[PDB]
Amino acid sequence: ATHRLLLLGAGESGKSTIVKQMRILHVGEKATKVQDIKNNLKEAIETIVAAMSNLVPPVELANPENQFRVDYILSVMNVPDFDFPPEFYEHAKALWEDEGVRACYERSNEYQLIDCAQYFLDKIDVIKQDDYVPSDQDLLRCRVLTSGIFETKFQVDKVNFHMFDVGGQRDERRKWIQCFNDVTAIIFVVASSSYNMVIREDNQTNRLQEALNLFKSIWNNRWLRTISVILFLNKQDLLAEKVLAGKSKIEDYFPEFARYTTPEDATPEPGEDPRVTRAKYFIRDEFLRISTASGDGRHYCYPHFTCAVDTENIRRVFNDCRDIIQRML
């Protein structure tokens, strides 16, 4: 019994992180990933700094001393092989504590900033050590763009799984076709929390809207008419945080949210705020409207609320996935 699972979704949705969780759960190299982690750190600090003067209105530094640290970061921005001197971490840490730099970060949906920004900037004192060893969670946050197709093989209770990972960015989508034939099921991943952001490819198209269009293309594809789709509504942790913070309203991006009330079959988590329940179920339904419109009996869609970086949530959901695949597929 061998199941071939194909991961699909737009860029930065969470596909590569899902694969990592399979490796941790069902299957040394940590030293090699340190360089990638320091790059993420450098990219996060330089991006937030470069955006300060371009926003409308511009954000000002809370401390004049920090103007020199900004000048420092920008001068090393394009440097190819950065040796990461001890000074670099001192400046980054100093900048990240400046209230002005923090305010610019609260407006990050207005420019392009990686998701692991706050996670790495909060532990500069840990990463800077020469004796530093990346934790499991560090490797799960480390972002590295996917180019091409990658096959990961694992076994669970003597049942085989071949999982294919593909680049989600526009130019990468032209490779997916090579995995369509004889696929057991598709796992479509979505960044539920990216409703107030635009994609990188053009800097204008709404992220969630791009996912919706991409899903509609997959669901109605001529070569996937009988292929079921397991839908991962990812980034549940960032969704709740955004919803609760109340600064970026969902209905100001998707007007239809104002006519939406929580469904009966709704199963909120214990202690979950009604507002969070209302938002996550809304995003699920926009996806269900598409799957409901066609196919009828030939294939189905199975939604799941997920948080890729949370290994515990992934074990639980992948188990539910094993149930779906065996009941019919």
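The numbering used is simple: start at 1 and walk along the sequence shown.
Deposited sequence between residue 27 and residue 28: 10 or more residues lack coordinates. Unmodelled residues of the deposited sequence between neighbouring positions residue 328 and residue 329 number 1 to 3. Look at the C-alpha B-factors of 51-59 and of 35-43. On average they run higher in 51-59. Here the stretch with the larger average CA B-factor, out of 249-257 and 206-214, is 249-257. Residue set 221, 152, 226, 118: peak C-alpha B-factor at 152 (per PDB entry).
Out of 138, 171, 182, 122, it is 182 whose C-alpha atom has the highest B-factor in the PDB entry. When the modelled residues of the chain are ordered by their C-alpha B factor, residue 309 lands in the middle third. Per the deposited record, the Cα B-factor of residue 19 falls in the lowest third when ranked against the other modelled residues of its chain.
Annotation for residue 81: C-alpha temperature factor in the highest third relative to the rest of the modelled chain, per the entry. Among all modelled residues in its chain, residue 163 ranks in the middle third by Cα B-factor. When the modelled residues of the chain are ordered by C-alpha B-factor, residue 109 sits in the middle third.
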